[PDB]
6 protein chains.
Amino acid sequence: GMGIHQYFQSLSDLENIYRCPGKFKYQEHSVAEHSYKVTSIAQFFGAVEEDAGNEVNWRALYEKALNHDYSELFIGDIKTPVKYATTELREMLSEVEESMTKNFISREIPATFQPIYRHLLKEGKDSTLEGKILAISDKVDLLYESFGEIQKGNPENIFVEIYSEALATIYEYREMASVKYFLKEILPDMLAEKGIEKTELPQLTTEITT
Amino acid sequence: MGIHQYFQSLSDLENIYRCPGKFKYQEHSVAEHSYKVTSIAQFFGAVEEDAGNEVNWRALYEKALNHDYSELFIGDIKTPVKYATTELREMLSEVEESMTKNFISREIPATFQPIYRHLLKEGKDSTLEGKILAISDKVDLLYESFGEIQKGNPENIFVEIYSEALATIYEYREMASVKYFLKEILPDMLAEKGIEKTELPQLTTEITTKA
Amino acid sequence: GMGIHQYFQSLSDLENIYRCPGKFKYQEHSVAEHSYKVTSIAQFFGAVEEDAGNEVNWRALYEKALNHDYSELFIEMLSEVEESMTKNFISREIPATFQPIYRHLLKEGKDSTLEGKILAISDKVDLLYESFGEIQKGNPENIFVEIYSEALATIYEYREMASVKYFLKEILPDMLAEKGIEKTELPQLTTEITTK
Amino acid sequence: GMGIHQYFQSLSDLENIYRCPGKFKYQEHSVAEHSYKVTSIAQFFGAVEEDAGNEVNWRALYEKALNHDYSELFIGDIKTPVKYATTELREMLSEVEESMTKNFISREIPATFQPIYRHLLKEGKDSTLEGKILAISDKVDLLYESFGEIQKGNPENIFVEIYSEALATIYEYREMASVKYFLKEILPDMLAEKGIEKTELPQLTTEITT
Amino acid sequence: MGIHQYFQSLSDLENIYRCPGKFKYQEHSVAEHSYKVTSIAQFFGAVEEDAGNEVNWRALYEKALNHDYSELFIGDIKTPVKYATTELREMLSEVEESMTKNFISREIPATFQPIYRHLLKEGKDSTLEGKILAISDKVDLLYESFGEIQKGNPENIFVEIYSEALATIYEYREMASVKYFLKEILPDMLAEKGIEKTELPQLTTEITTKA
Amino acid sequence: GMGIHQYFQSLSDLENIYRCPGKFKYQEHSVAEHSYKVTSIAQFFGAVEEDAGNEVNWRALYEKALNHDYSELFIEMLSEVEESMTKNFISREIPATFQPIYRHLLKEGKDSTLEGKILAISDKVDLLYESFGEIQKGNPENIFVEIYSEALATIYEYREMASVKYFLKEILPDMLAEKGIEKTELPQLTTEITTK
Ligand SMILES: [Ca+2]
Ligand SMILES: [Ca+2]
Ligand SMILES: [Ca+2]
Ligand SMILES: [Ca+2]
Ligand SMILES: [Ca+2]
Ligand SMILES: [Ca+2]
Ligand SMILES: [Ca+2]
Ligand SMILES: [Ca+2]
Ligand SMILES: [Ca+2]
Ligand SMILES: [Ca+2]
Ligand SMILES: [Ca+2]
Ligand SMILES: [Ca+2]
Ligand SMILES: [Ca+2]
Ligand SMILES: [Ca+2]
Ligand SMILES: [Ca+2]
Ligand SMILES: [Ca+2]
Ligand SMILES: [Ca+2]
Ligand SMILES: [Ca+2]
Ligand SMILES: [Ca+2]
Ligand SMILES: [Ca+2]
Ligand SMILES: [Ca+2]
Ligand SMILES: [Ca+2]
């Protein structure tokens, strides 16, 4: 029943939920693993922002990143770009997820800790600096996931589309010292990988960033 | 757009698993589940035929075969009302319905869109073949949860799934199919070696008393 | 003990028998999964045949495709032991009243009826896709190219069917337009098999 | 070569290193997953300490937890209790790990970010409150790993031994509000799980905690 | 303590994989590696016998079969000098040696401890059979890395492993085994279909020129 | 093309052929892995035989155990096709100068020599451990209990050997003292097989 023990057991269950199941991937990633990676990416961008002179709320940076996909435990989320799911339909999914999280907290978390879990499990992406770090870090992981598959020779075009959408989103955050660094130093290393010159990525990247 | 893409998609259903999260000793793909539900439905079809009821076989098979194809693009909550109420599941059904309509419009050639709209609409209606789909899906859920309980899976969710599935099967007891299931099949499940170490015997009595 | 419960359990056993065992592959497919896909493919070809003006016995189409590999649970003298074991399974596990129907469901379904032909091609279309998938994923084992060739050649022997006409006109070209297939021999082999 | 791109790619490699490989487990856990879980456990204990009136350095709490096993990328670590590895031998392994981390940072991280990575990848367990939260959170995950296997019917005794050692270590931190809460509320829920009464755990737990 | 525990342990070597971390298209357990190295060594044994050299077969097999058993309790760095120098690898060898001694003392019955100390000591000595172990281990590493490079694995580590492995094999070119390998086996690897799209041809020339 | 390179590649193929295919199991074991374990078990029994005063031909012991399942790459008439395929593989892939030795290495090794006997028992000891493992992990498939029984019974037919005396005196009791084995039938079956 209700207790932190149940919550601790649940952490392991996130190892058994995988990202965008269906299409073949040479390497699958659990939601737990994606969360570890997003928090590590966010941790890096936090350092970049502080180097640039920006005050970072570290508790907010880390909590947003670490907990952003915990709700995948009870409701799936669509990582591929808009094909069959509209905007109206994606908001319906968000409301269901919101309600289920509420019900989870009420059922499983002791009253003393419900307020902190309500805070930790709510929507983390907003226009705060830490919110925006979450927005870009989530897309950087999705970029790396899709790029990895392309680099390994995966033949499905969906991965090029995911890469394109992820990069286009990152580019909307180009005011950030984090994204400036990403575009200047990180992305060129990606595109310089052997064989990438033979793919669509260089051309897509130019189209999206100019 | 093309049937080629549709044929490739059938393999993708082998990489989508039922109720991911909680530890299971055995995982089952949606493809595997569809195979088993269609086999189960076929058997109940035989039971109805034997009882002298006319069965529409095209309808029986097409409902059972295609009922979870939509899991390719939107998951379905298989576990009982825990965090998703009745109303929340209705919303998820609406999203699924729209997404399936848009899938067909985008991916299937025009000549075949009508047939695929028919094949991929909700199968659980009040026709004989729709009720066969309803009970067959619950029978597979009952076997999957039964298997876990037999193996002593520590998660209570499996007892809850089994209870819900059997409760629902009992709602359909006017059918020759379910009369057959309760008389002959359920008792053989409970005669399984080791099952007297589980709570299934008592729980099954309770569910039958309740129903 | 005799009963349908044992049959229902056996359905899950077919999840633990895999296609092309003994070879390296990026994706494994169980016999259950194969059966699902063959039945879905047969379902499509039925619609192609109906659109061409042919009468389809749907009960026959589905029952042939769904049940055709059930007997992999057990195993031309290898055809004898399979048959024999299916017969013993039925006498032992299937209640008397359903034995005639299960003997019918589990017997060899690839005959010269239209539905038997749809099963024959559907089975090979699945095989062609499985082997195509491995090749497209860079599987270096030449066996997959050989399997693709034999599956395609066998499909081509059913070229009189409206199903196969549609397959060769609409589906096969999409397969061959896939990214990277130009680096393989599939283009060349495909031309050779479907014209020579 | 040298760049943050290489570091980002490396995060995924931690999904392919598994904890205590060898003995059969019903559920394997990657180092990435263990890291996600330790940070989530640490996040909880941080909240407990703040509720108790203790000031928490959140950046330190999160960075210690998130990065503590990153070095597993290049050198394995022994999670089972002392059998064939002495104390002298475990210190030799620590020195090798220290040197390899240094070499990794020098080779792979740009000079601008070497100082922050030197800080993030150094030993996190110490007598600071956040250091001690890492010490207990790592052992709480190990406790849950081993308990899960026992609860699933794993027949290997090594899991009972790991549980015993993990709990004994947690108990050395019993001065903490975190461990007081763990002992009062969490551990009893664990031991109340069905069938646990039939195992050695209740008896071992009494022996270790009294 | 007992041989039963030792027999169970042999299965545990199937769950320990070589160089975990970097993506590989194909993983190989330590058990699998030991099987292949022992088969490779057996072949080189034949080559030495054919050249008229006396081979101690018990020594050849026992060195090859048991050389990675210690990976049960301490991993071994398989990739070339990147973060671990010469000195750092010597330290890891000392830990391994001590841990193996303590393993034998704890787990193996007294009557058999001496034989297991012999079986599980370092096999790569300067005897003919020890050199056969040295080259056989590198040949397997060369095949594993070759396989990855053939498949276009994007990680440069595999080219580096291949280079190191071939370089080392060349150090042993006075042996009939390695003369045979370079004359007959290496060219067939490089005649593999598609390999002219990799850098292996050039790199192999370079390594041979260098050596 | 003819050569040892193709033989070296084939060694990795044996990693993709699994024991007991077609059954649910918690742990899969490749033929390569099985071969490793059988050779390690045979190695132990050799020491038991030497300690009992018996001369061991170690080259024979190791070569029999190491190579005994290599032919699983290919497949009593099933014994004929295996043999035939091994023979064709050797003529085609193994250079002339090594053909006699590879014909010797790949032929049936379970004969009545002491080393052939050590292979026969070692193979069964591995089988007994594989099936024991599944049972100990809660595998519900009764097939594993049947396999355990047949493996144990076959081992017992070699009870004249010092190897089997040690096994029954020292090893088997440790197996049966494992946690939870009291809930199975192994205790009862073991008594029945090794005395009745
Ligand atoms: Ca995993
Ligand atoms: Ca700074
Ligand atoms: Ca989310
Ligand atoms: Ca806020
Ligand atoms: Ca996300
Ligand atoms: Ca640069
Ligand atoms: Ca499966
Ligand atoms: Ca559905
Ligand atoms: Ca369903
Ligand atoms: Ca068949
Ligand atoms: Ca078939
Ligand atoms: Ca994984
Ligand atoms: Ca508070
Ligand atoms: Ca660490
Ligand atoms: Ca500090
Ligand atoms: Ca740790
Ligand atoms: Ca309480
Ligand atoms: Ca393997
Ligand atoms: Ca070694
Ligand atoms: Ca080695
Ligand atoms: Ca054999
Ligand atoms: Ca064998």
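- Structure determination for this PDB entry was carried out by X-ray crystallography, with a resolution of 1.980 Å recorded in the header.

Here we look at the overall build of chain B
(1) Moving on: Across its full length, chain B holds 9 helices and 0 strands.
(2) Moving on: For chain B, the N- to C-terminal ordering of α and β elements is α-α-α-α-α-α-α-α-α.
(3) Moving on: Scaling as 2.2 N^0.38, a compact globule of 211 residues should have a C-alpha radius of gyration of about 17 Å, and chain B matches this with 18 Å.
(4) Moving on: For the C-alpha atoms alone, the extent of chain B along its principal axes is close to 55 × 45 × 30 Å.
(5) Moving on: Counting contacts in chain B only where the partners sit at least 6 residues apart, residues at least 24 apart contribute 67% of the total.

Examining the pattern of salt bridges
(1) Moving on: This structure, assessed with the given rule, holds 80 salt bridges over all chains.
(2) Moving on: Of the charged contacts, one joins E144 of chain B and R18 of chain B as a salt bridge, the two residues approaching to 2.8 Å between their closest N and O atoms. Placement of the pair is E144 of chain B in helix 6 (residues 128–150) and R18 of chain B in the loop between helix 1 (3–12) and helix 2 (30–50), with a sequence separation of 126 residues.
(3) Moving on: Of the residues examined, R18 of chain B reaches a relative accessible area of 3% and is grouped as buried.
(4) Moving on: Note that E14 of chain E and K37 of chain F form a salt bridge whose closest N and O atoms lie 2.7 Å from each other. Residue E14 of chain E is located in the loop between helix 1 (3–12) and helix 2 (30–50), and its partner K37 of chain F is located in helix 2 (residues 31–51); the two belong to separate chains. Residues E14 of chain E and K37 of chain F agree in their burial class; the two are buried.
(5) Moving on: Three or more residues joined by partner-sharing salt bridges are found here, namely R19, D69, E72, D77, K79 and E145 of chain A.

Thoughts on the relation of the copies chain D and chain A
(1) Moving on: With an axial shift of 0.0 Å and an RMSD of 0.0 Å, the rotation relating chain D to chain A amounts to 180°. The operation mapping one copy onto its partner corresponds to a two-fold rotation axis.
(2) Moving on: Of the residues that chain D buries at the interface, 100% are likewise interface residues in chain A, meaning the two copies contact each other through the same surface.

Brief notes about the UniProt feature "binding site: Ca(2+) 1" (unreviewed entry) in chain B
Residue and element names in this part refer to chain B.
(1) Moving on: Per the UniProt record, the feature "binding site: Ca(2+) 1" (unreviewed entry) sits at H33, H67, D68 and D137. Spanning 105 residues, the named residues form one tight spatial group whose C-alpha atoms are at most 10.1 Å apart.
(2) Moving on: Following the sequence through the fold, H33 ends up in helix 2.
(3) Moving on: The contacts of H33, once residues within four sequence positions are left out, are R18, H67, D68, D137 and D140.
(4) Moving on: Its location among the elements puts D68 in the loop between helix 3 (57–66) and helix 4 (86–107).

Let's talk about the UniProt feature "binding site: Ca(2+) 1" (unreviewed entry) in chain A
Residues and elements named next belong to chain A.
(1) Moving on: According to UniProt, the positions carrying the feature "binding site: Ca(2+) 1" (unreviewed entry) are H34, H68, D69 and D138.
(2) Moving on: Checked against the element boundaries, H34 lands in helix 2 (residues 31–51).
(3) Moving on: With sequence-adjacent residues up to four places away left out, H34 is seen in contact with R19, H68, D69, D138 and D141.
(4) Moving on: Following the sequence through the fold, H68 ends up in the loop between helix 3 (58–67) and helix 4 (87–108).
(5) Moving on: Not counting residues up to four positions away in its chain, the partners in contact with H68 are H34, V38, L134 and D138.

Observations regarding the coordination of the calcium ion (ligand 20)
Residue and element names in this part refer to chain E.
(1) Moving on: Coordination of the calcium ion (ligand 20) by the protein involves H33 (NE2), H67 (NE2), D68 (OD), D137 (OD) and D137 (OD), with metal-donor separations of 2.4 to 3.0 Å.
(2) Moving on: Between the donor residues of the calcium ion (ligand 20), the gaps in sequence give the motif H-x33-H-D-x68-D.
(3) Moving on: Taken as an interatomic distance, the gap from the calcium ion (ligand 20) to the calcium ion (ligand 19) is 5.1 Å; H67 donates to each of them.
(4) Moving on: Residue classification places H67 among the buried residues on the basis of a relative accessible area of 17%.
(5) Moving on: On the basis of relative accessible area, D68 is assigned to the buried category, the value being 6%.

Let's talk about the UniProt feature "binding site: Ca(2+) 2" (unreviewed entry) in chain B
Residue and element names in this part refer to chain B.
(1) Moving on: In this numbering, the UniProt entry assigns the feature "binding site: Ca(2+) 2" (unreviewed entry) to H67, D68 and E71.
(2) Moving on: Within the secondary structure, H67 sits in the loop between helix 3 and helix 4.
(3) Moving on: Sequence-distant contacts of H67, that is, excluding residues within four places in its chain, are made with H33, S34, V37, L133 and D137.
(4) Moving on: Side chain to side chain, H67 and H33 meet in a polar contact 3.3 Å long.
(5) Moving on: Not counting chain neighbours up to four residues away, the residues in contact with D68 comprise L13, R18, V30, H33, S34 and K78.

A short note on the interface of chain D and chain A
(1) Moving on: Opposite the 54 residues of chain D that make contact, chain A presents 54 residues.
(2) Moving on: The junction of chain D with chain A conceals about 4,400 Å² of combined surface from both sides, 62% of it contributed by carbon and sulfur atoms.
(3) Moving on: For the chain D face of the interface with chain A, the top three residues by lost area are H5, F8 and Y36 of chain D, together amounting to 18%.
(4) Moving on: Linking chain D with chain A are 4 salt bridges.
(5) Moving on: We note a salt bridge from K37 of chain D to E15 of chain A, for which the minimum N-O separation is 2.7 Å.
(6) Moving on: The interface formed by chain D and chain A holds 22 residue pairs in polar contact in total.
(7) Moving on: Secondary-structure elements contributing two or more residues to the side of chain D that touches chain A are helix 1 (4–13), helix 2 (31–51), helix 3 (58–67), helix 5 (114–121), helix 6 (129–151) and helix 8 (177–191) of chain D.

With respect to the interface of chain D and chain F
(1) Moving on: On the side of chain F, 6 residues touch chain D, which itself brings 6 residues to the contact.
(2) Moving on: Both faces combined, the contact of chain D with chain F buries some 560 Å², and carbon together with sulfur accounts for 59% of it.
(3) Moving on: It is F24, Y26 and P155 of chain D that lose the most area in chain D upon contact with chain F, and together they represent 81% of the buried surface on that side.
(4) Moving on: Across the chain D-chain F interface, the total number found is 0 salt bridges.
(5) Moving on: For the pair chain D and chain F, the number of links is 1 residue pair in polar contact.
(6) Moving on: Its residues assigned to classes, the side of chain D that touches chain F shows 4 nonpolar, 1 polar and 1 charged.

Remarks on the arrangement of the chains
(1) Moving on: Looking at the 12 pairs of chains with contacts, the pair that accumulates the most is chains A and D.
(2) Moving on: Taking C-alpha atoms only, the smallest gap left between chain C and chain D, which are not in contact, amounts to 17 Å.
(3) Moving on: At the C-alpha level, the nearest point of chain B lies 18 Å from chain E, with no contact between them.

A few points about the UniProt feature "binding site: Ca(2+) 2" (unreviewed entry) in chain A
Residue and element names in this part refer to chain A.
(1) Moving on: UniProt marks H68, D69 and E72 with the feature "binding site: Ca(2+) 2" (unreviewed entry), using the numbering shown here.
(2) Moving on: Relative accessible area serves as the criterion here: at 19%, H68 is assigned to the buried category.
(3) Moving on: At 2.8 Å, the side chain of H68 forms a polar contact with the backbone oxygen of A65.
(4) Moving on: Owing to a relative accessible area of 9%, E72 belongs among the buried residues under this scheme.
(5) Moving on: When near neighbours in sequence (up to four residues on either side) are disregarded, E72 contacts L14, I17, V31, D77 and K79.

Observations regarding helix 2 of chain F
(1) Moving on: For helix 2 of chain F, built from 21 residues, the straight-helix expectation of 30 Å at 1.5 Å per residue is met to within 8% by its first-to-last C-alpha distance of 30 Å.
(2) Moving on: Within helix 2 of chain F, 19 of the 21 residues are buried, which leaves the element mostly enclosed by the surrounding structure.

Section: the packing of helix 2 of chain E against helix 3 (residues 58–67) of chain F
A packed helix pair is summarised by two numbers, namely the angle formed by the two axes and the spacing between the axes.
(1) Moving on: Remark: helix 2 of chain E packs on helix 3 of chain F, axes separated minimally by 11 Å, with the N-to-C direction vectors making an angle of 130°. By the angle between their directions, the pair helix 2 of chain E and helix 3 of chain F is classed as oblique. The crossing of helix 2 of chain E and helix 3 of chain F is left-handed. On helix 3 of chain F, the residues touching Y35, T38, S39, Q42 and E49 of chain E of helix 2 of chain E are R59, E63, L66 and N67 of chain F.
(2) Moving on: Of the residues that constitute the contact of helix 2 of chain E with helix 3 of chain F, the class distribution is 2 nonpolar, 4 polar and 3 charged.

Calculation notes
Residues numbered from 1 in each chain as written, not as in the entry; some residues may be left out. Chains lettered and ligands numbered in written order. Heavy atoms only, no water. Residues with missing side-chain atoms left out of burial classes, pairs and counts. Helix = DSSP H or I, 4+ residues; strand = E, 2+ residues; numbered from the N terminus. Rg over C-alpha atoms; globule rule 2.2 N^0.38 Å. Contact = heavy atoms within 4.5 Å. Salt bridge = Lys/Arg side-chain N within 4 Å of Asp/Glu carboxyl O. Buried < 20%, exposed > 50% of the residue type's maximum accessible area, 1.4 Å probe, protein only. Least-squares fit on C-alpha atoms. UniProt positions renumbered as here; feature names shortened; annotations may be inferred. Donors = N, O, S within 2.8 Å, 3.2 Å for Na, K, Ca; no water. Polar contact = N/O pair within 3.5 Å; in protein donor to acceptor, adjacent residues only side chain to side chain. Buried area = accessible area lost by both parts, 1.4 Å probe. Nonpolar A, V, L, I, M, F, W, Y, C, P; charged D, E, K, R; others polar. Expected span 1.5 Å × (residues − 1). Axes fitted to C-alpha atoms, helices over the stretch in contact; angles between N-to-C directions. Parallel < 35°, antiparallel > 145°, perpendicular 65-115°, else oblique. Left-handed = near helix turned anticlockwise from the far one by under 90°.

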